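# Summary of the model geometry
Letter by letter, the chains look like this.
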Amino acid sequence: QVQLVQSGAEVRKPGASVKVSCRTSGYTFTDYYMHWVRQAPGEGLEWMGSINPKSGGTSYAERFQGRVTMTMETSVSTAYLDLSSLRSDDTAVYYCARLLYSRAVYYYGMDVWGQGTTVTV
Amino acid sequence: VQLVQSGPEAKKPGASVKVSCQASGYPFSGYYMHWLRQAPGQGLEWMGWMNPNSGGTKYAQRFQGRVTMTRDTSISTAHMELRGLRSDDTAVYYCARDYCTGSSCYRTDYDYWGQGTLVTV
Amino acid sequence: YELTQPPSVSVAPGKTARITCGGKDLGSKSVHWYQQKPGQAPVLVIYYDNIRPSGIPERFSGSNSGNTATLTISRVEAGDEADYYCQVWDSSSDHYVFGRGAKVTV
Amino acid sequence: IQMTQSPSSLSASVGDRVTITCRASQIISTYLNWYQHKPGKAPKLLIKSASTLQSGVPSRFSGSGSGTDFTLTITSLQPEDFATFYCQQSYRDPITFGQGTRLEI
Amino acid sequence: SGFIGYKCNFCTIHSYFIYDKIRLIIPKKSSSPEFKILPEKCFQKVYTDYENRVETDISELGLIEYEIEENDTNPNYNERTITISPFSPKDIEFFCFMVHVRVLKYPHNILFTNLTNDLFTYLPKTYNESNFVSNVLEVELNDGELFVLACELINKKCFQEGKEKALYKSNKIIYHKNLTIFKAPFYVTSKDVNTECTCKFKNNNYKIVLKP
Ligand SMILES: *[C@@H]1O[C@H](CO)[C@@H](O[C@@H]2O[C@H](CO)[C@@H](O)[C@H](O)[C@H]2NC(C)=O)[C@H](O)[C@H]1NC(C)=O
Ligand SMILES: *[C@@H]1O[C@H](CO)[C@@H](O[C@@H]2O[C@H](CO)[C@@H](O)[C@H](O)[C@H]2NC(C)=O)[C@H](O)[C@H]1NC(C)=O
Ligand SMILES: *[C@@H]1O[C@H](CO)[C@@H](O)[C@H](O)[C@H]1NC(C)=O
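About the cut-offs
- Residues numbered from 1 in each chain as written, not as in the entry; some residues may be left out.
- Chains lettered and ligands numbered in written order.
- Heavy atoms only, no water.
- Residues with missing side-chain atoms left out of burial classes, pairs and counts.
- Helix = DSSP H or I, 4+ residues; strand = E, 2+ residues; numbered from the N terminus.
- Rg over C-alpha atoms; globule rule 2.2 N^0.38 Å.
- Contact = heavy atoms within 4.5 Å.
- Pairing = 2+ DSSP bridges.
- Nonpolar A, V, L, I, M, F, W, Y, C, P; charged D, E, K, R; others polar.
- Salt bridge = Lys/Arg side-chain N within 4 Å of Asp/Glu carboxyl O.
- Polar contact = N/O pair within 3.5 Å; in protein donor to acceptor, adjacent residues only side chain to side chain.
- Axes fitted to C-alpha atoms, helices over the stretch in contact; angles between N-to-C directions.
- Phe/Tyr/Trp six-rings, centres within 6.5 Å; stacked < 30°, edge-to-face > 60°.
- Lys NZ or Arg CZ within 6 Å of the ring centre and 35° of its normal.
- Disulfide = S-S within 2.5 Å.

In the PDB header, cryo-EM is given as the technique by which the entry was determined, and 3.3 Å as its resolution.

Here's what the structure looks like:
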């Protein structure tokens, strides 16, 4: 009855922009941290960035700092990842995951992960 | 465990009595030897204790200068000599072992008694 | 920083598998282990370096001591063929550092 | 320290419980031992410290009381229980025994 | 309080007893029989007052959790030993003749977490296990706040290691009868400091986090 559903598989040309959505159906939003992790084909996972649920968070990876803009509308309780300036290193399978929001963040993990959105560049 | 006492002996008035106390079944050292005067028609009355290990003796205030207690480590026998016998010094004498001296409790108990040496003055 | 997980781990069925998560002063920083199947999403198997989730078989286990964190998946059986990545939140840089990974093969 | 046992004169039928109150001059806490002095023979220790029973003494005998007043409880009187009873004041260097309590049949 | 002596060779003890032990060093009497203690069963039947010396069993003074130990294996000396506990609700005193022991009631508060499945009815001031949020519980602690963990499977290195650099200094850590008591330092330089531990209930790892 509780699951995370992402956008369908999309193909974008290099240099264009791709928007990936992560809506929270079973779980109420802003209770948990929102994280974005992408897995390159035949490669290890790479966490893109994290947004704090209580207040806007600018925490992004150094590699993905320039071209990642993560917005939280909270009207539809959906997490949106805006990605642009794609390249050969910007194609992966993207995963949205949640960990409980706490004053100290090191404890708790990503218990639930998204369905997965395949992006081809 | 049993404690054997010498047969009763009746000395003349003004003489001395020696009473022999034998220890069987328990280490003769480490247990104080207590002597009691069972005067006929009167309660038991304490005379003194003799320490086997140190050899020291302490006597009651009444018999502070009459009774003498000795021993013999080779034979492991306790002897008590009383001088100045009077008509009130006739009684039945018991030597008892303090089972409580060995450990724990501070009280004085007489777990095992002698047969009772009947002294007639 | 960077997590120096081994490139591979070789295990036999019915045995203990140790995946060492290596990092500088990793005892003071929590590791979160994620089971990566070839197509299925990362299933969290250990979070906060020793805690077992509500829904998981009991054999999964892990501990962090010193500069190495070991995922002791005792009693390796079919269905455990996956890549186990340890994730560390870096407090000073405020960005989680994600392990390279270590595939476990029966 | 004369420890008078006021109930000294006694006469009890077989199968009837008794109580022997034993009182001393000063407070002597729980440093009391109860002895059973049969006629002839030798005294036999019954209760150590007045709170725990000496081994070899049946369950009929029991000790109660602390400080000044102390009690003997016999569940069922026996011919072996017939004897004179004394109190030993373990506190203080001289040991003053009681005057006795002939628990007559 | 402001004392570091707990040995009883006129020993008077005035301290906050948190499972602290009292050493009653007394001779065998087989060497010096003049010396005696007026209460025979000391620390078990002990005078409540100082002038009105009356024997009262240790259950009826005002101690809450306790155990009294008499162990006589040492041939040189024998000791009657009692453990005191923080659970007491009032400043009771007792005298063994002189041995003056004062059990001061703990002025600060008590926090108890019973991850073990047992009825520690003596101190019902709690969080239970239900408060654990995602199997981690974060218990803040005011100055001097006494935290108690009831989990039997405490593993090792409880309160020894603190996550995120600086470790939360504890004045005293007691592990008595499978019960783990944390004493807050009552003075902390920076609030952002953490101390941790492990526990194993239902084979799940429940962990407690303590912060000022
Ligand atoms: C401490 O532990 C007990 C048991 O884990 C908790 O619940 C108690 O459960 C027993 C039955 O096993 C009941 O009889 C008790 O009444 C319960 N306790 C209370 C206070 O109601 C208990 O909740 C825990 N906490 C406290 C404060 O005792
Ligand atoms: C302390 O934890 C216990 C569980 O160990 C809680 O006890 C349960 O409380 C609910 C709601 O009152 C009852 O329906 C259950 O039957 C209780 N369980 C048992 C075993 O008695 C208790 O509520 C917790 N204390 C709180 C929340 O204050
Ligand atoms: C206390 O008694 C125990 C009995 O199990 C004994 O092993 C131990 O040596 C004793 N310790 C002291 C300090 O008397």
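## Remarks on the overall build of chain C
A tally of regular secondary structure across chain C gives zero helices and nine strands. Each helix and strand of chain C, placed in order from N terminus to C terminus, yields the pattern β-β-β-β-β-β-β-β-β. For a compact globule of 106 residues, the expected C-alpha radius of gyration is about 13 Å, and chain C comes in at 13 Å, within 12% of that figure. With the principal axes as the frame, chain C shows a C-alpha extent of 40 × 25 × 25 Å.

## Observations regarding the overall build of chain A
Looking only at helices and strands, one finds zero helices and ten strands in chain A. When the helices and strands of chain A are read in sequence order from the N terminus, they spell out β-β-β-β-β-β-β-β-β-β. Over its C-alpha trace chain A gives a radius of gyration of 14 Å, about what one expects of a compact globule, namely 14 Å for 121 residues. Oriented by its inertia axes, the alpha-carbon framework of chain A measures out at about 40 × 30 × 30 Å. Long-range contacts, defined here as pairs at least 24 residues apart, represent 53% of the contacts in chain A between residues at least 6 apart.

## Describing the pairing of strand 13 (residues 173–176) of chain E
Note: strand 13 of chain E against strand 14 (residues 179–183) of chain E, four bridges, orientation antiparallel. Counterpart to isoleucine 174 of chain E in the pairing with strand 14 of chain E is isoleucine 181 of chain E.

## Considering the interface of chain A and chain C
Taken together, the contact pairs 16 residues of chain A with 20 residues of chain C. Here the residues of the side of chain A that touches chain C sort into nine nonpolar, five polar and two charged.

## Remarks on the pattern of salt bridges
Its salt-bridge partner being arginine 107 of chain B, residue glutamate 40 of chain E comes within 3.8 Å of it at the nearest N-O pair. With one member in each of two chains, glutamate 40 of chain E in the loop between strand 3 (21–27) and strand 4 (45–47) and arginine 107 of chain B in the loop between strand 8 (91–97) and strand 9 (117–119) form a pair that bridges those chains. Salt bridges sharing partners connect three or more residues here, namely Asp49 of chain C together with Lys163, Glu196 and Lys207 of chain E.

## What about the arrangement of the chains?
Pairwise contact counts over the six pairs of chains in contact peak for chains A and C. If you take every C-alpha in chain A and every C-alpha in chain B, the smallest gap between them is 55 Å, and the two do not touch. No interface is formed between chain B and chain C, the nearest pair of C-alpha atoms being 48 Å apart.

## Points about the side chain of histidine 32 of chain C
Among the secondary structure elements, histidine 32 of chain C is positioned in strand 3 (residues 31–36). Here the side chain of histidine 32 of chain C touches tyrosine 108 of chain A through a polar contact of 3.3 Å, landing on its backbone oxygen. Looking at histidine 32 of chain C, its side chain comes within polar contact range of the main-chain nitrogen of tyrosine 48 of chain C, at 3.0 Å. Discounting chain neighbours no more than four positions away, the residues touching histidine 32 of chain C are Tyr106, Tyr107, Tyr108 and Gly109 of chain A together with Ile46, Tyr47, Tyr48, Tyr85, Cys86 and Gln87 of chain C.

## Concerning the sheet that holds strand 5 (residues 63–65) of chain C
All names here are of chain C. If you walk across this open sheet you meet the three strands as 2-6-5, and the pairing is antiparallel. Taken across any chain shown, the strands that pair with only one partner, and hence form the sheet edges, are strand 2 (17–22) and strand 5. Neighbour to neighbour, the strand axes of the sheet diverge by 25° on average, direction disregarded. Looking at chain direction, strand 2 and strand 6 (residues 68–73) are connected through six bridges and run antiparallel.

## Details of the packing of aromatic side chains
Summarising the aromatic geometry, the rings of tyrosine 85 of chain C and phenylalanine 98 of chain C are spaced 5.9 Å apart at their centres and angled 50° between planes, so their arrangement reads as tilted. With a gap of 13 residues between them, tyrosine 85 of chain C in strand 7 (residues 82–90) and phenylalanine 98 of chain C in strand 8 (residues 95–98) connect regions that are remote in the sequence. Between the aromatic rings of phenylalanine 132 of chain E and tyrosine 206 of chain E, the centroid separation amounts to 5.5 Å while the plane-to-plane angle is 65°, which identifies the pairing as edge-to-face. One end of the pair, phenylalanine 132 of chain E, is in the loop between strand 10 (110–113) and strand 11 (136–140); the other, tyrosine 206 of chain E, is in the loop between strand 17 (204–205) and strand 18 (207–211), and 74 residues separate them in sequence. Ring pairing ties together the aromatic residues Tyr95 and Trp113 of chain A together with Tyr34, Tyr85 and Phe98 of chain C, which thus form one cluster. Just above the ring of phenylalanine 63 of chain B sits the side chain of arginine 62 of chain B; from NZ or CZ to the centre is 3.9 Å. For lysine 207 of chain E, the ring lying beneath its charged end belongs to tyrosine 48 of chain C, and the centroid distance is 3.6 Å.

## As for the sheet that holds strand 6 (residues 68–72) of chain A
Residues and elements named next belong to chain A. Pairing within the open sheet is antiparallel, and its four strands lie in the order 1-3-7-6. Edge strands, defined here as strands with exactly one partner in the open sheet, are strand 1 (4–6) and strand 6. Going from strand to strand, the sheet's axes swing by 15° on average, the running direction of each strand aside. Summarising the sheet, strand 6 and strand 7 (residues 78–84) pair through five bridges and their orientation is antiparallel. Bridge pairing links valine 68 to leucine 83 in strand 7.

## Looking at the pairing of strand 7 (residues 77–82) of chain B
Put simply, side chains in a regular strand alternate between the two faces of the sheet. Residue and element names in this part refer to chain B. Looking at chain direction, strand 2 (residues 17–24) and strand 7 are connected through six bridges and run antiparallel. Bridge pairing in strand 7 links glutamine 22 to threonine 77. With six bridges joining them, strand 6 (residues 67–72) and strand 7 adopt antiparallel strand pairing. The partner of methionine 69 across the bridge, within strand 7, is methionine 80.

## A short note on the state of the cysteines
The disulfide bridge from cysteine 100 of chain B ends at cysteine 105 of chain B, spanning 2.0 Å between sulfur atoms. Through a disulfide, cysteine 42 of chain E is tied to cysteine 96 of chain E; the S-S separation comes to 2.0 Å. Every disulfide takes its handedness from the sign of the S-S torsion; for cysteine 42 of chain E and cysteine 96 of chain E that torsion is 115°, giving right-handed. Separated by 54 residues along the polypeptide, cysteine 42 of chain E in the loop between strand 3 and strand 4 and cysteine 96 of chain E in strand 8 (residues 92–96) bring together distant segments of the chain.

## Observations regarding unusual backbone geometry
Even without a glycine there, the phi angle at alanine 50 of chain D is positive, about 65°. With respect to the helices and strands, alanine 50 of chain D occurs in the loop between strand 3 (43–48) and strand 4 (52–53). Within the chain, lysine 165 of chain E stands out as a residue other than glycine whose phi angle is a positive 55°. Within the secondary structure, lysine 165 of chain E is located in the loop between strand 12 (146–149) and strand 13.

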